[PDB]
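The structure under discussion appears below in the form of structure tokens.
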Amino acid sequence: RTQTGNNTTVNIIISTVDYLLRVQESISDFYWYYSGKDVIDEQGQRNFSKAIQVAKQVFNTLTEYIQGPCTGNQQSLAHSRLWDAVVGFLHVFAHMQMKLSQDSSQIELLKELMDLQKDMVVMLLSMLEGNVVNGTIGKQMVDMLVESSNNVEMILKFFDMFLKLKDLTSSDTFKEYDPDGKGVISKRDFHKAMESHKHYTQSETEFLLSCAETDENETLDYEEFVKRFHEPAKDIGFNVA
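Going by our numbering, the first residue of the sequence shown is number 667, and it counts up by one from there.
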């Protein structure tokens with residue numbers, strides 16, 4: 667952050683957060699390009715993977731900068747342009763989660779994106795390391811959340827829907843309804859199962875059905891369904907909480 671004995675000092679922390687902002691803007695540009703298109707091509711998926719890897723590395727570098735905690739680095743990042751990049755990443759996460767959860771051809775992209783989300787939340791926690799009551803860092807984080815209120819609401823509703831799924835599948839209804847250990851369940855019976863468990867609304871039920879990969883024999887595996895969706899929550903959702 668500062669070179670005491672040198673005539674000239676360069677703020678590597680600020681340079682890193684500036685590059686983070688630039689790569690976030692590029693990722694948002696590809697998001698806005700691909701939002702209209704229904705499916706992501708192989709070229710686009712591969713470019714997204716590279717961008718997510720780069721952003722993840724930058725977030726790890728910032729976390730290593732600020733952990734310990736380094737109060738000077740924390741203040742520098744708090745007054746830097748980090749919050750705008752975080753807002754952009756929150757928008758991208760909140761929309762790409764909804765977009766990529768439905769189709770089963772974006773599994774790796776969804777996993778990489780939400781690993782990036784977990785790393786960003788870890789960086790935010792490291793920013794909050796060594797906090798004080800009514801601190802400037804906490805105030806700025808609250809301001810950033812208020813700015814990104816809608817995206818945070820979408821992410822929280824996503825997490826709630828995919829966290830209630832484990833309770834749904836661990837309820838006794840499946841245990842008595844499907845004596846088989848394979849766990850293949852028909853789509854109609856799975857719809858009836860949600861409608862009986864009664865903790866999902868109609869829109870949530872339809873969205874979860876759309877996310878559920880349909881089979882030609884309609885025998886979707888709720889075990890792999892919960893393993894793919896619930897487990898990313900309780901990992902990123904816990905950090906958010």
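Ideal placement from N, C-alpha and C gives every residue a C-beta, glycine not left out.
Here the alpha carbon of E842 sits roughly 49 Å from the alpha carbon of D809. Secondary structure note for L794: it is in no alpha helix (DSSP H), with a DSSP letter that is neither H nor E. With a minimum length of 4 residues, the unbroken runs of alpha helix (DSSP H) contained wholly in the region 852-892 fall at 853-863 and 868-877. C-alpha of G754 to C-alpha of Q783: approximately 12 Å in a straight line. Considered as a whole, the region 732-791 harbours 737-745 and 748-768 as its complete alpha helix (DSSP H) runs of no fewer than 4 residues, in chain order.
Listed as beta-bridge partners of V850 by DSSP are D887. Ranked by Cα distance from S767, the first of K900, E870 and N905 is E870. Taking a cut-off of 8 Å on C-beta distances, the region 823-831 touches the region 855-874, as three or more cross pairs fall below it. Inter-residue distance for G702 and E819 is about 22 Å (C-alpha atoms, whole angstroms).
Here the region 725-732 lies against the region 783-798, with 3 or more beta-carbon pairs under 8 Å apart. Cβ neighbours of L834 within its own chain (closer than 6 Å, five residues either side excluded): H863. Membership of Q806 in the alpha helix (DSSP H) is indicated by the continuous run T802 to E813.
The residues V724, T727, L728 and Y731, in chain order, have a CB closer than 8 Å to that of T682 in the same chain once the five nearest residues on each side in sequence are set aside. Taking a C-beta distance under 8 Å as the contact criterion, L875 and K893 do not qualify as a contact pair. With respect to the C-alpha of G734, the residue from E879, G796 and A899 having the closest C-alpha is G796.
Here DSSP, grouped into helix, strand and coil, assigns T675 to coil. Ranking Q763, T880 and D844 by CA distance to the CA of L775 puts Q763 first. The C-alpha of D684 is placed about 25 Å away from the C-alpha of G671.
When only Cα atoms are considered, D704 and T675 end up about 48 Å apart. By the beta-carbon neighbour count (other beta carbons within 10 angstroms, threshold 16), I773 is exposed. Close CB contacts of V720 within its chain, under the 7 Å cut and outside five residues either way in sequence, are with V689 (chain order). Contact between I679 and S742 is confirmed by a C-beta separation of about 5 Å, below the 8 Å threshold. From the listed residues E708, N739, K722 and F824, the smallest Cα separation to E897 is found for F824. For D901, there is no enclosing alpha helix (DSSP H), as DSSP gives it neither H nor E.
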